[PDB]
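Notes follow once the structure below has been shown.
Numbers here are sequence positions counted from 1.
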Amino acid sequence: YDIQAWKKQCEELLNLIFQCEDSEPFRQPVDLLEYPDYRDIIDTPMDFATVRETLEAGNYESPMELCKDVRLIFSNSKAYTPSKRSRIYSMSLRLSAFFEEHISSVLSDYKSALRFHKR
Ligand SMILES: Cc1ccc(C(=O)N2CCN(C(=O)NCC3CC3)CC2)o1
């Protein structure tokens with residue numbers, strides 16, 4: 001029932017994600033120089049460094065907010081991909097499955113802790 005525990009749990013999960021080879025395309029912004037049409041398709045860029053920096057700045061109030069930004073990394077990859085069998089998109093799907101597997105307890109525990117608080 002620790003209302004703050006999600007933050008370190010998310011730091012730990014981001015550490016795991018940064019060690020995963022599948023995260024390499026998503027660790028930093030799109031060199032618009034290598035993908036010049038990227039911002040014609042993607043309205044709101046997002047990367048794992050921005051997520052980690054937002055978390056470390058204390059600019060997430062809840063793990064739901066972090067989860068929304070991580071899911072935006074994956075929806076951007078799905079929107080930008082020319083093919084459902086594009087190398088980078090395929091890496092996004094594996095990393096998304098890994099993230100969802102790990103974030104599910106973080107969200108459950110946070111929401112349970114907040115319910116216990118306002119019991
Ligand atoms: C061909 C294809 C399909 C889907 C995607 C995709 O999701 N992209 C675009 C390319 N990518 C980078 O250029 N990232 C480089 C920074 C990490 C240094 C960002 C993510 O790209």
Tell me whether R71 contacts the main-chain N or O of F74 through its side chain, where contact means a donor paired with an acceptor under 3.5 Å.
no
CZ (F26) and CZ (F99) are apart, to the nearest 0.5 Å, by 13.5 Å
Mind checking whether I41 and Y80 have side chains closer than 4.5 Å, heavy atoms only?
yes
Between the CG atom in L14 and the CZ atom in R52, the distance rounded to the nearest 0.5 Å is 6.0 Å
To the nearest 0.5 Å, atom OG of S77 lies from atom CG of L95 at 10.0 Å
*asked:* Can a donor-acceptor pair be found, under 3.5 Å and without considering hydrogens, that links the side chain of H102 to the backbone of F98?
replied: yes
Legend entry - Min side-chain heavy-atom separation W6-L55 under 4.5 Å: yes
_Same apolar cluster: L32 and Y35, side chain cutoff 4.5 Å_ = yes
Check your understanding: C10 versus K7: any side-chain heavy-atom pair under 4.5 Å?
Key -> no
Interatomic distance, CG@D2 vs CG@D109, rounded to 0.5 Å, equals 9.5 Å
Q) So, the side chain of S96 versus the backbone of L93: is there a donor-acceptor pair under 3.5 Å, distance only? A) no
Residues at least two apart in sequence or cross-chain that pass ring pair (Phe, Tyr, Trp, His ring centres under 6.0 Å) with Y60, listed by chain then number, are none
From the list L66, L72, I17, side chain to side chain contact (heavy atoms under 4.5 Å, CB included) with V51 holds only for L66
Contacts of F18 meeting ring pair (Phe, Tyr, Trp, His ring centres under 6.0 Å) (sequence neighbours excluded), chain-then-number -> none
### Query
With side chains defined as the heavy atoms from C-beta onward, is the minimum distance between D22 and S90 less than 4.5 Å?
no
Side chain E101, main chain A97, donor-acceptor under 3.5 Å: no
Taken to the nearest 0.5 Å, the spacing of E24 CD from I88 CD1 works out to 8.5 Å
Sidechain-backbone polar pair: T50 side chain, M46 backbone, donor-acceptor under 3.5 Å: no
Between the NZ atom in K111 and the CZ atom in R115, the distance rounded to the nearest 0.5 Å is 8.0 Å
Would a distance-only check, ignoring hydrogens and angles, find a side-chain to backbone donor-acceptor pair under 3.5 Å from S92 to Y89?
-> yes
- Task: Using modelled atom types only, decide if a donor and an acceptor are shared between the side chain of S23 and the backbone of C20 within a distance under 3.5 Å.
- Result: yes
Exercise. Looking only at atom types and distance, does a side-chain atom of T81 sit under 3.5 Å from a main-chain N or O of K78, one as donor and one as acceptor?
Worked result: no
message = Taking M64's backbone N and O only, do any of them form a donor-acceptor pair with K68's side chain (distance below 3.5 Å, no angle check)?
response = no
On a heavy-atom basis, the closest approach of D47 and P29 is OD2-N, 2.9 Å
